[PDB]
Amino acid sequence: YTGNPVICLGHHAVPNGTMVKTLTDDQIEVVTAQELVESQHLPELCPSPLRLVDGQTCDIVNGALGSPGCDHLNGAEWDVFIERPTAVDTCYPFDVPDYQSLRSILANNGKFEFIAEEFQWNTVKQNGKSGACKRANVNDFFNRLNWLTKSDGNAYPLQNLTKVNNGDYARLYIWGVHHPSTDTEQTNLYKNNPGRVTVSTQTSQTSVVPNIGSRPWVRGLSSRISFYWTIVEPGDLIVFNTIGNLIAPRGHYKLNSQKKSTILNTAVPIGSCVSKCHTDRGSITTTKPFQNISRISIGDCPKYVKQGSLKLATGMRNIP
């Protein structure tokens, strides 16, 4: 010690630290670090604070058409529509040209608010039903659609109907075209053999000719329906002009003016937790800025990155 006092300046250390990356070293030891990549998720979707609607056995598209298993979605509103991969078709076999667009519009709009309108179809029979679309245990049809066919007197006159949008909101009309499997089914149902469906607004007109031919048997039938949609802005109007094969709307869906909702397709059950970040693998509750759980994230979420781990140093070099 010699007898001159000594003062030493120093710094703390721990037995074993955390290794971090820097610009100059791949792995160097520091006293404390913090992980910036969330890797853990809950095995549930959390029903708060975002409003989750479970489609159960119904697609969003089948929910809009009003297929048999879908009555629980009448009037629903969501921030996130939870669509199940086990959903199945329960009604008339159909397709949708540009299917992903109808699905995106429906999911984004965020509600099923249907406004019934009485359409003054003339002569044709209405309310056609099908063995491919049982409700309870009885032949039925899509709830939002009205299958028109020729009268008992073998007439299908030109139909020419108008509905004016003089309200506050944009309207979504969903309509279809029936494709028979043979020429004789075409005349059996609609009398006129080339059917014709034209649906137009001031500025737009979608027009469709049915395709006749045998498709694979699905739920009793080899015929098909193709579904279309038309948006009618306030001040605009819609005209339905057909001489056969129209599957008529029964009204229209209301479109929100601000579209902020979406859809998630997952098998994950809805539980009881709280979280505003959802993935197809479940919700995540985290303050970390990044996550390697999924590409598919909805809400207030960390950014998806490739790395499994990024440790931020929160202390000095550890030299024990």
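Residues carry their position along the shown sequence, with the first being 1.
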Which is higher on mean Cα B factor in this entry, 99 to 107 or 163 to 171?
163 to 171
If you average the CA temperature factors over each stretch, which comes out higher, 240 to 248 or 67 to 75?
67 to 75
Select one of 177, 221, 148, 231: the residue whose C-alpha shows the highest B-factor in the crystal structure entry.
221
Out of 225, 133, 189, 115, which shows the largest CA B-factor listed in the entry?
133
Based on the entry's values, in what third of the chain does the Cα temperature factor of residue 90 lie: lowest, middle or highest?
highest
Lowest, middle or highest third of the chain for the C-alpha temperature factor of residue 210?
middle
Pull the Cα B-factor of residue 271 out of the PDB entry and bin it into the chain's lowest, middle or highest third.
highest
Would you mind checking where the Cα B-factor of residue 33 ranks among the modelled residues of its chain, as the lowest, middle or highest third?
highest
Residue 43's Cα B-factor: lowest, middle or highest third of the chain?
highest
